[PDB]
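upload-v5.pdb (PDB, C-alpha atoms (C1' of nucleotides) and all ligand atoms) appears below.
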ATOM      1  CA  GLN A  28      55.142 108.822 125.360
ATOM      2  CA  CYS A  29      56.214 111.969 123.519
ATOM      3  CA  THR A  30      59.379 113.950 124.233
ATOM      4  CA  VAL A  31      58.112 117.420 125.270
ATOM      5  CA  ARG A  32      61.516 118.615 126.553
ATOM      6  CA  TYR A  33      60.893 122.375 126.558
ATOM      7  CA  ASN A  34      58.118 122.810 123.989
ATOM      8  CA  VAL A  35      59.284 120.398 121.242
ATOM      9  CA  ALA A  36      56.831 117.473 121.287
ATOM     10  CA  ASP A  37      58.987 115.241 119.087
ATOM     11  CA  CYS A  38      56.893 112.063 119.132
ATOM     12  CA  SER A  39      59.120 109.420 117.535
ATOM     13  CA  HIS A  40      58.192 105.854 116.550
ATOM     14  CA  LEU A  41      55.892 104.955 119.446
ATOM     15  CA  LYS A  42      52.961 102.904 118.028
ATOM     16  CA  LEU A  43      50.586 105.774 118.843
ATOM     17  CA  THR A  44      47.340 104.474 117.344
ATOM     18  CA  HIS A  45      45.434 107.677 118.170
ATOM     19  CA  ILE A  46      46.470 111.317 118.496
ATOM     20  CA  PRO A  47      47.240 111.962 122.188
ATOM     21  CA  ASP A  48      46.368 115.034 124.256
ATOM     22  CA  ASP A  49      48.417 114.986 127.457
ATOM     23  CA  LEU A  50      48.903 117.446 130.322
ATOM     24  CA  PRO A  51      51.800 119.490 128.800
ATOM     25  CA  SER A  52      49.556 121.561 126.529
ATOM     26  CA  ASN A  53      51.701 124.685 127.106
ATOM     27  CA  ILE A  54      53.977 123.958 124.145
ATOM     28  CA  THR A  55      54.584 125.621 120.785
ATOM     29  CA  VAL A  56      56.139 122.855 118.633
ATOM     30  CA  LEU A  57      54.477 119.445 118.293
ATOM     31  CA  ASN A  58      55.592 116.589 116.025
ATOM     32  CA  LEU A  59      53.090 114.018 114.751
ATOM     33  CA  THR A  60      55.547 112.703 112.148
ATOM     34  CA  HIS A  61      56.070 108.925 112.289
ATOM     35  CA  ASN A  62      52.880 108.325 114.275
ATOM     36  CA  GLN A  63      49.863 106.184 113.384
ATOM     37  CA  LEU A  64      47.282 108.816 112.415
ATOM     38  CA  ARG A  65      43.876 107.801 111.082
ATOM     39  CA  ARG A  66      42.988 111.445 110.333
ATOM     40  CA  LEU A  67      43.402 114.882 111.863
ATOM     41  CA  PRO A  68      40.405 115.560 114.143
ATOM     42  CA  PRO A  69      38.929 119.070 113.890
ATOM     43  CA  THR A  70      38.077 119.061 117.618
ATOM     44  CA  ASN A  71      40.891 117.077 119.275
ATOM     45  CA  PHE A  72      43.212 120.100 118.972
ATOM     46  CA  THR A  73      41.173 122.255 121.377
ATOM     47  CA  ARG A  74      43.383 121.233 124.310
ATOM     48  CA  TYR A  75      46.576 122.258 122.470
ATOM     49  CA  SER A  76      45.714 125.830 121.492
ATOM     50  CA  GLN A  77      49.288 127.149 121.869
ATOM     51  CA  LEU A  78      50.847 125.110 119.030
ATOM     52  CA  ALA A  79      52.736 127.716 117.011
ATOM     53  CA  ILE A  80      53.828 125.029 114.525
ATOM     54  CA  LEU A  81      52.916 121.372 114.059
ATOM     55  CA  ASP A  82      55.087 118.706 112.419
ATOM     56  CA  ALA A  83      52.315 116.317 111.373
ATOM     57  CA  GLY A  84      54.125 114.779 108.427
ATOM     58  CA  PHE A  85      54.125 111.479 106.512
ATOM     59  CA  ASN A  86      50.853 110.577 108.260
ATOM     60  CA  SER A  87      47.719 109.074 106.684
ATOM     61  CA  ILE A  88      45.134 111.864 106.398
ATOM     62  CA  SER A  89      42.244 111.536 103.954
ATOM     63  CA  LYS A  90      41.318 115.234 103.992
ATOM     64  CA  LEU A  91      41.744 118.425 106.010
ATOM     65  CA  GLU A  92      38.781 120.104 107.696
ATOM     66  CA  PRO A  93      38.474 123.912 107.816
ATOM     67  CA  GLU A  94      38.071 123.838 111.609
ATOM     68  CA  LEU A  95      41.758 122.963 112.027
ATOM     69  CA  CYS A  96      42.591 126.418 110.654
ATOM     70  CA  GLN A  97      40.504 128.160 113.340
ATOM     71  CA  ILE A  98      41.285 125.965 116.363
ATOM     72  CA  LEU A  99      44.939 127.087 116.028
ATOM     73  CA  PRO A 100      44.920 130.695 114.758
ATOM     74  CA  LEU A 101      48.623 131.064 115.650
ATOM     75  CA  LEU A 102      49.851 128.590 113.037
ATOM     76  CA  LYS A 103      53.107 129.148 111.145
ATOM     77  CA  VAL A 104      54.448 125.860 109.721
ATOM     78  CA  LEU A 105      52.068 123.254 108.277
ATOM     79  CA  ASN A 106      54.278 120.274 107.382
ATOM     80  CA  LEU A 107      51.860 117.631 106.054
ATOM     81  CA  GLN A 108      53.979 115.999 103.358
ATOM     82  CA  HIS A 109      53.507 112.371 102.266
ATOM     83  CA  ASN A 110      49.774 112.024 102.920
ATOM     84  CA  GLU A 111      46.770 110.774 100.966
ATOM     85  CA  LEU A 112      45.050 114.123 100.233
ATOM     86  CA  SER A 113      43.230 112.895  97.139
ATOM     87  CA  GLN A 114      41.312 116.171  96.756
ATOM     88  CA  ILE A 115      41.530 119.563  98.463
ATOM     89  CA  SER A 116      39.708 122.893  98.224
ATOM     90  CA  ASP A 117      39.920 126.484  99.453
ATOM     91  CA  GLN A 118      37.362 125.929 102.233
ATOM     92  CA  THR A 119      39.934 124.161 104.421
ATOM     93  CA  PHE A 120      42.312 127.156 104.088
ATOM     94  CA  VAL A 121      39.769 129.883 104.907
ATOM     95  CA  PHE A 122      40.890 130.523 108.495
ATOM     96  CA  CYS A 123      44.626 129.911 107.892
ATOM     97  CA  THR A 124      45.583 133.557 107.473
ATOM     98  CA  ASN A 125      48.777 133.340 109.567
ATOM     99  CA  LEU A 126      50.158 130.360 107.623
ATOM    100  CA  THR A 127      53.788 130.844 106.584
ATOM    101  CA  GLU A 128      55.136 127.384 105.630
ATOM    102  CA  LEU A 129      53.519 124.558 103.655
ATOM    103  CA  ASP A 130      55.006 121.133 102.903
ATOM    104  CA  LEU A 131      53.277 118.649 100.566
ATOM    105  CA  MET A 132      55.791 116.224  99.054
ATOM    106  CA  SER A 133      53.545 113.276  98.089
ATOM    107  CA  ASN A 134      49.773 113.740  97.886
ATOM    108  CA  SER A 135      48.788 112.909  94.260
ATOM    109  CA  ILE A 136      46.861 116.182  93.872
ATOM    110  CA  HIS A 137      46.365 115.912  90.115
ATOM    111  CA  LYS A 138      43.807 118.715  89.675
ATOM    112  CA  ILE A 139      43.596 122.028  91.540
ATOM    113  CA  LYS A 140      40.570 124.293  91.099
ATOM    114  CA  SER A 141      39.456 127.765  92.227
ATOM    115  CA  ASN A 142      41.846 129.734  94.491
ATOM    116  CA  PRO A 143      42.946 127.453  97.360
ATOM    117  CA  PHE A 144      45.217 130.187  98.774
ATOM    118  CA  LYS A 145      42.938 133.233  98.765
ATOM    119  CA  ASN A 146      43.543 133.786 102.500
ATOM    120  CA  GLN A 147      47.246 132.846 102.671
ATOM    121  CA  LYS A 148      49.135 136.155 102.628
ATOM    122  CA  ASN A 149      52.168 135.364 104.815
ATOM    123  CA  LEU A 150      52.766 131.954 103.203
ATOM    124  CA  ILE A 151      56.405 132.088 102.096
ATOM    125  CA  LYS A 152      57.424 128.682 100.726
ATOM    126  CA  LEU A 153      55.125 126.425  98.682
ATOM    127  CA  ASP A 154      56.039 122.726  98.541
ATOM    128  CA  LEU A 155      53.727 121.136  95.954
ATOM    129  CA  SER A 156      55.850 118.345  94.479
ATOM    130  CA  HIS A 157      55.361 114.756  93.284
ATOM    131  CA  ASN A 158      51.579 115.257  93.404
ATOM    132  CA  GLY A 159      51.049 114.594  89.690
ATOM    133  CA  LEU A 160      50.322 118.185  88.683
ATOM    134  CA  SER A 161      49.447 118.471  84.996
ATOM    135  CA  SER A 162      49.433 122.291  84.956
ATOM    136  CA  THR A 163      51.186 124.970  86.998
ATOM    137  CA  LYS A 164      48.017 127.069  87.305
ATOM    138  CA  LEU A 165      46.821 127.652  90.871
ATOM    139  CA  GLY A 166      43.971 130.085  90.226
ATOM    140  CA  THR A 167      42.644 132.934  88.124
ATOM    141  CA  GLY A 168      42.962 135.943  90.439
ATOM    142  CA  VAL A 169      46.045 137.581  91.911
ATOM    143  CA  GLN A 170      47.142 135.998  95.197
ATOM    144  CA  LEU A 171      50.320 135.009  97.078
ATOM    145  CA  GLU A 172      51.310 138.560  97.946
ATOM    146  CA  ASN A 173      54.488 137.587  99.848
ATOM    147  CA  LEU A 174      56.103 134.305  98.794
ATOM    148  CA  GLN A 175      59.721 133.509  97.967
ATOM    149  CA  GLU A 176      60.185 129.942  96.670
ATOM    150  CA  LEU A 177      57.703 127.829  94.687
ATOM    151  CA  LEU A 178      58.442 124.089  94.574
ATOM    152  CA  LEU A 179      56.727 122.182  91.738
ATOM    153  CA  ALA A 180      58.850 119.075  91.164
ATOM    154  CA  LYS A 181      58.363 115.443  90.117
ATOM    155  CA  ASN A 182      54.986 116.320  88.567
ATOM    156  CA  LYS A 183      53.683 115.897  85.005
ATOM    157  CA  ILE A 184      53.385 119.454  83.684
ATOM    158  CA  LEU A 185      53.612 119.303  79.893
ATOM    159  CA  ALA A 186      54.039 123.007  79.086
ATOM    160  CA  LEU A 187      54.105 126.502  80.570
ATOM    161  CA  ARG A 188      51.676 129.123  79.268
ATOM    162  CA  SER A 189      51.172 132.837  79.854
ATOM    163  CA  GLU A 190      47.569 132.371  81.025
ATOM    164  CA  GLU A 191      48.489 129.819  83.713
ATOM    165  CA  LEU A 192      51.436 131.871  85.050
ATOM    166  CA  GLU A 193      49.564 135.195  85.301
ATOM    167  CA  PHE A 194      48.101 134.473  88.755
ATOM    168  CA  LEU A 195      51.179 136.090  90.377
TER     169      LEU A 195
ATOM    170  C1'   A B   1      42.351  93.335  89.843
ATOM    171  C1'   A B   2      45.525  97.957  90.768
ATOM    172  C1'   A B   3      47.954 102.359  93.228
ATOM    173  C1'   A B   4      49.719 104.640  97.380
ATOM    174  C1'   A B   5      50.947 106.933 103.402
ATOM    175  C1'   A B   6      52.034 105.550 108.874
ATOM    176  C1'   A B   7      53.763 100.396 111.908
ATOM    177  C1'   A B   8      56.461  95.787 111.610
ATOM    178  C1'   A B   9      59.523  91.828 109.830
ATOM    179  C1'   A B  10      62.958  90.954 106.582
ATOM    180  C1'   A B  11      66.231  87.719 102.416
ATOM    181  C1'   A B  12      69.793  88.866  98.128
ATOM    182  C1'   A B  13      73.358  92.117  95.496
ATOM    183  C1'   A B  14      76.828  96.522  95.184
ATOM    184  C1'   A B  15      79.713  99.295  98.372
ATOM    185  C1'   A B  16      82.243 100.951 102.767
ATOM    186  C1'   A B  17      84.371 102.276 108.228
ATOM    187  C1'   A B  18      86.241  99.206 112.367
ATOM    188  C1'   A B  19      87.900  94.882 116.017
ATOM    189  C1'   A B  20      90.115  89.591 116.749
ATOM    190  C1'   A B  21      93.444  86.861 113.910
ATOM    191  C1'   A B  22      96.519  84.146 110.150
ATOM    192  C1'   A B  23      99.760  83.081 106.558
ATOM    193  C1'   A B  24     103.498  85.758 102.600
ATOM    194  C1'   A B  25     106.992  89.667 100.972
ATOM    195  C1'   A B  26     110.100  93.724 102.557
ATOM    196  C1'   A B  27     112.792  96.550 106.752
ATOM    197  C1'   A B  28     115.734  96.790 110.781
ATOM    198  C1'   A B  29     118.044  95.078 116.242
ATOM    199  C1'   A B  30     120.367  90.980 118.956
ATOM    200  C1'   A B  31     122.446  85.332 119.468
ATOM    201  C1'   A B  32     124.961  82.179 116.620
ATOM    202  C1'   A B  33     127.665  79.557 112.127
ATOM    203  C1'   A B  34     130.719  78.074 107.511
ATOM    204  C1'   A B  35     134.327  80.195 105.111
ATOM    205  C1'   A B  36     137.942  83.003 100.979
ATOM    206  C1'   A B  37     140.928  87.231 103.918
ATOM    207  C1'   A B  38     143.593  90.613 107.623
ATOM    208  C1'   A B  39     146.860  91.750 111.151
ATOM    209  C1'   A B  40     150.056  90.691 116.367
ATOM    210  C1'   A B  41     152.556  87.789 120.298
ATOM    211  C1'   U B  42     154.918  83.326 121.389
ATOM    212  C1'   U B  43     157.616  79.109 119.378
ATOM    213  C1'   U B  44     160.770  77.434 116.046
ATOM    214  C1'   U B  45     162.607  74.939 110.598
ATOM    215  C1'   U B  46     165.047  75.332 105.392
ATOM    216  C1'   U B  47     168.096  78.502 102.293
ATOM    217  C1'   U B  48     171.496  82.741 100.985
ATOM    218  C1'   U B  49     175.190  86.374 102.612
ATOM    219  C1'   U B  50     178.659  87.249 106.356
ATOM    220  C1'   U B  51     181.098  87.834 112.141
ATOM    221  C1'   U B  52     183.794  85.471 116.325
ATOM    222  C1'   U B  53     186.184  81.153 118.948
ATOM    223  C1'   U B  54     188.657  76.476 118.557
ATOM    224  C1'   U B  55     191.231  71.937 116.060
ATOM    225  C1'   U B  56     194.071  70.648 112.020
ATOM    226  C1'   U B  57     196.104  70.102 105.988
ATOM    227  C1'   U B  58     198.985  72.646 101.980
ATOM    228  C1'   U B  59     202.313  76.631 100.592
ATOM    229  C1'   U B  60     205.750  80.504 101.954
ATOM    230  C1'   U B  61     209.220  83.066 105.415
ATOM    231  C1'   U B  62     212.729  83.652 109.950
ATOM    232  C1'   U B  63     216.107  81.472 113.422
ATOM    233  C1'   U B  64     218.939  77.305 115.757
ATOM    234  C1'   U B  65     221.284  72.415 115.470
ATOM    235  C1'   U B  66     223.203  68.271 112.562
ATOM    236  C1'   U B  67     225.091  66.475 107.936
ATOM    237  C1'   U B  68     226.743  65.579 102.307
ATOM    238  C1'   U B  69     229.265  67.969  98.174
ATOM    239  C1'   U B  70     231.718  72.376  94.281
ATOM    240  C1'   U B  71     235.465  75.895  95.729
ATOM    241  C1'   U B  72     238.953  77.117  98.868
ATOM    242  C1'   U B  73     242.917  81.113 101.649
ATOM    243  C1'   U B  74     246.399  78.308 106.085
ATOM    244  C1'   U B  75     249.450  74.586 106.992
ATOM    245  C1'   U B  76     252.437  73.478 112.895
ATOM    246  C1'   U B  77     254.696  68.503 110.838
ATOM    247  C1'   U B  78     256.634  64.266 107.004
ATOM    248  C1'   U B  79     259.722  62.190 102.935
ATOM    249  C1'   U B  80     261.266  65.414  98.345
ATOM    250  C1'   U B  81     261.786  67.139  92.235
TER     251        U B  81
HETATM  252  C1  LIG C   1      40.139 112.210 119.237
HETATM  253  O1  LIG C   1      39.971 112.056 120.653
HETATM  254  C2  LIG C   1      39.059 111.010 121.021
HETATM  255  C3  LIG C   1      38.924 111.058 122.525
HETATM  256  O2  LIG C   1      40.151 110.736 123.167
HETATM  257  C4  LIG C   1      39.580 109.671 120.511
HETATM  258  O3  LIG C   1      38.639 108.650 120.826
HETATM  259  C5  LIG C   1      39.797 109.732 119.005
HETATM  260  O4  LIG C   1      40.391 108.521 118.554
HETATM  261  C6  LIG C   1      40.696 110.912 118.639
HETATM  262  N1  LIG C   1      40.832 111.019 117.195
HETATM  263  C7  LIG C   1      41.679 110.266 116.483
HETATM  264  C8  LIG C   1      41.683 110.503 115.003
HETATM  265  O5  LIG C   1      42.407 109.432 117.010
END

Output the structure of this file as structure tokens.
Ligand SMILES: *[C@@H]1O[C@H](CO)[C@@H](O)[C@H](O)[C@H]1NC(C)=O
Amino acid sequence: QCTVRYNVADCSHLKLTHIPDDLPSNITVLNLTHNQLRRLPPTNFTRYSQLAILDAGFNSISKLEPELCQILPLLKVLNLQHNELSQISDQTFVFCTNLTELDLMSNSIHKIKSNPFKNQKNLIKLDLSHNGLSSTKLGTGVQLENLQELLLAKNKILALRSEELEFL
RNA sequence: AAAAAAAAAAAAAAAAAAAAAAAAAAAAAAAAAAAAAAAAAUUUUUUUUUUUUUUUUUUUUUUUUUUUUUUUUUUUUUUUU
């Protein structure tokens, strides 16, 4: 099974077909990286309500439900790089107000519409790379009050314009 | 038909860090060798220059004995010119 070992559920290569929910729910760090994930269930995380951060990376997730942002209000790091994530919207980030770290290294998110990060105020680092972005625009209004580094690499942006960089 | 995430096999090529070895070369340290050389301590050869002892040849010198001649100073005696 997983490692636990004082609140670091580092679940290595273990042929875990489904997301487990074991007795040691009193942990803060959980790692779903390198685990067979069909999708993140909006209700299977009720047992683990103390997860400060979750390392659910490189998995196979079609889309993210908004409920995941309210089942774990105390969420800091959301490392979900190398997933399918064909399309995403702001609705799934409504309740993620405490989010501080985002990692999306391969998701093929070609088009981004509206303001997906209208509720993210403590989000520091943005990792949106190799997702085939054609433009650097992320919205029309002013958001991202407190962020430090913006990662937009390996995408297909053709030019930078004043109208698409005025959202900050 | 095509593109991608987790899970599993992998064959090839380019690189590397190690272990077990093996020839080759080069460094030394010990056992020998063949010699062209070097002394030293025991035998002795040839040759040159010189010392001592002993046996003898030639020449010279001294003394003694014997003997032949040139000179002799004496003549005891003998017949005399
Ligand atoms: C969520 O939990 C249920 C009950 O254990 C399980 O059948 C299901 O597979 C879980 N979800 C995923 C995506 O595995």

(message) For ligand LIG 1 (chain C), return the neighbouring residues as a list in words (distance at most 6 Å; all atoms listed in the file).
(response)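 Checking all atoms listed in the file against ligand LIG 1 (chain C) at 6 Å gives residues 45, 46, 65, 66, 67, 68 and 71 of chain A.
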
Just-selected residues, C-alpha atoms written as a PDB file, in the frame of the given file:
ATOM      1  CA  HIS A  45      45.434 107.677 118.170  1.00  0.00           C
ATOM      2  CA  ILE A  46      46.470 111.317 118.496  1.00  0.00           C
ATOM      3  CA  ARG A  65      43.876 107.801 111.082  1.00  0.00           C
ATOM      4  CA  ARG A  66      42.988 111.445 110.333  1.00  0.00           C
ATOM      5  CA  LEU A  67      43.402 114.882 111.863  1.00  0.00           C
ATOM      6  CA  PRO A  68      40.405 115.560 114.143  1.00  0.00           C
ATOM      7  CA  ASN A  71      40.891 117.077 119.275  1.00  0.00           C
TER       8      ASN A  71
END

(message) Distance limit 10 Å, atoms considered: all atoms listed in the file. Which chain B residues sit that close to chain A? Return them as a PyMOL selection string.
(response) chain B and resi 4-7

(message) Calculated over all atoms listed in the file, which of the candidates A:165, A:129, A:35, A:56 has the smallest distance to residue 143 of chain A?
(response)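 Once distances to residue 143 of chain A are computed over all atoms listed in the file, the minimum belongs to A:165.
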
(message) Report, in Å with one decimal, the straight-line distance from atom CA of residue 121 of chain A to atom CA of residue 80 of chain A.
(response)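 Atom CA of residue 80 of chain A lies at a distance of 17.7 Å from atom CA of residue 121 of chain A.
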
(message) Report, in Å to a single decimal, how far apart atom CA of residue 104 of chain A and atom CA of residue 83 of chain A are.
(response) 9.9 Å

I'd like the residues picked by the PyMOL selection byres (((chain A and resi 168-172) around 7) and not hetatm) written out as a compact mmCIF listing (two decimals) with C-alpha atoms, in the coordinates of the input, using the chain letters and numbers from the file.
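Below you can see part-v3.txt, which holds the result:
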# COMPACT_ATOMS: atom_id res chain seq x y z
CA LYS A 145 42.94 133.23 98.76
CA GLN A 147 47.25 132.85 102.67
CA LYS A 148 49.14 136.16 102.63
CA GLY A 166 43.97 130.08 90.23
CA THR A 167 42.64 132.93 88.12
CA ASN A 173 54.49 137.59 99.85
CA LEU A 174 56.10 134.30 98.79
CA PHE A 194 48.10 134.47 88.76
CA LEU A 195 51.18 136.09 90.38

(request) Could you check how far atom CA of residue 126 of chain A sits from atom CA of residue 59 of chain A, in Å to one decimal? (result)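 Atom CA of residue 59 of chain A lies 18.1 Å from atom CA of residue 126 of chain A.
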
Excluding same-chain residues fewer than 4 positions from residue 176 of chain A, what lies within 12 Å of it counting all atoms listed in the file, as a PDB file with C-alpha atoms, in the coordinates of the input?
ATOM      1  CA  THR A 127      53.788 130.844 106.584  1.00  0.00           C
ATOM      2  CA  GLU A 128      55.136 127.384 105.630  1.00  0.00           C
ATOM      3  CA  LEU A 129      53.519 124.558 103.655  1.00  0.00           C
ATOM      4  CA  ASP A 130      55.006 121.133 102.903  1.00  0.00           C
ATOM      5  CA  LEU A 150      52.766 131.954 103.203  1.00  0.00           C
ATOM      6  CA  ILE A 151      56.405 132.088 102.096  1.00  0.00           C
ATOM      7  CA  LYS A 152      57.424 128.682 100.726  1.00  0.00           C
ATOM      8  CA  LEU A 153      55.125 126.425  98.682  1.00  0.00           C
ATOM      9  CA  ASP A 154      56.039 122.726  98.541  1.00  0.00           C
ATOM     10  CA  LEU A 155      53.727 121.136  95.954  1.00  0.00           C
ATOM     11  CA  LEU A 171      50.320 135.009  97.078  1.00  0.00           C
TER      12      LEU A 171
END

(request) Mind checking which residues fall within 10 Å of residue 74 of chain A, counting all atoms listed in the file, ignoring those fewer than 5 positions away in the same chain, and posting them as a PyMOL selection string? (result) chain A and resi 48-53+98

(request) Apply the PyMOL selection byres (((chain A and resi 123) around 7) and not hetatm) to the displayed file and report the matching residues as an NGL selection string. (result) :A and (96 or 100 or 120-122 or 124-126 or 146-147)

Non-local contacts of segment 158-162 of chain A (8 Å; all atoms listed in the file; under 4 positions in same chain excluded) as a short mmCIF file (atom, residue, chain, number, x, y, z; two decimals) with C-alpha atoms, keeping the file's coordinate frame:
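What landed in result-v2.cif:
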data_model
loop_
_atom_site.label_atom_id
_atom_site.label_comp_id
_atom_site.auth_asym_id
_atom_site.auth_seq_id
_atom_site.Cartn_x
_atom_site.Cartn_y
_atom_site.Cartn_z
CA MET A 132 55.79 116.22 99.05
CA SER A 133 53.54 113.28 98.09
CA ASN A 134 49.77 113.74 97.89
CA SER A 135 48.79 112.91 94.26
CA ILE A 136 46.86 116.18 93.87
CA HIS A 137 46.36 115.91 90.12
CA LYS A 138 43.81 118.72 89.68
CA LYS A 181 58.36 115.44 90.12
CA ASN A 182 54.99 116.32 88.57
CA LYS A 183 53.68 115.90 85.00
CA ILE A 184 53.38 119.45 83.68
CA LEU A 185 53.61 119.30 79.89
CA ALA A 186 54.04 123.01 79.09
CA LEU A 187 54.10 126.50 80.57
CA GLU A 191 48.49 129.82 83.71
#

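Counting all atoms listed in the file and comparing A:54, A:179, A:139, A:76, the residue that lies closest to residue 99 of chain A is A:76.
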
Segment 50-66 of chain B: axis-aligned bounding box, 5 Å on each side, centre and edge lengths in Å, one decimal, as lines of an AutoDock Vina configuration file:
center_x = 200.9
center_y = 78.1
center_z = 109.8
size_x = 54.5
size_y = 29.6
size_z = 28.4

(request) Name the closest residue to residue 75 of chain A among the candidates A:91, A:131, A:101, A:107; distances are taken between atoms, counting only C-alpha atoms. (result)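 Comparing A:91, A:131, A:101, A:107 against residue 75 of chain A, the winner is A:101.
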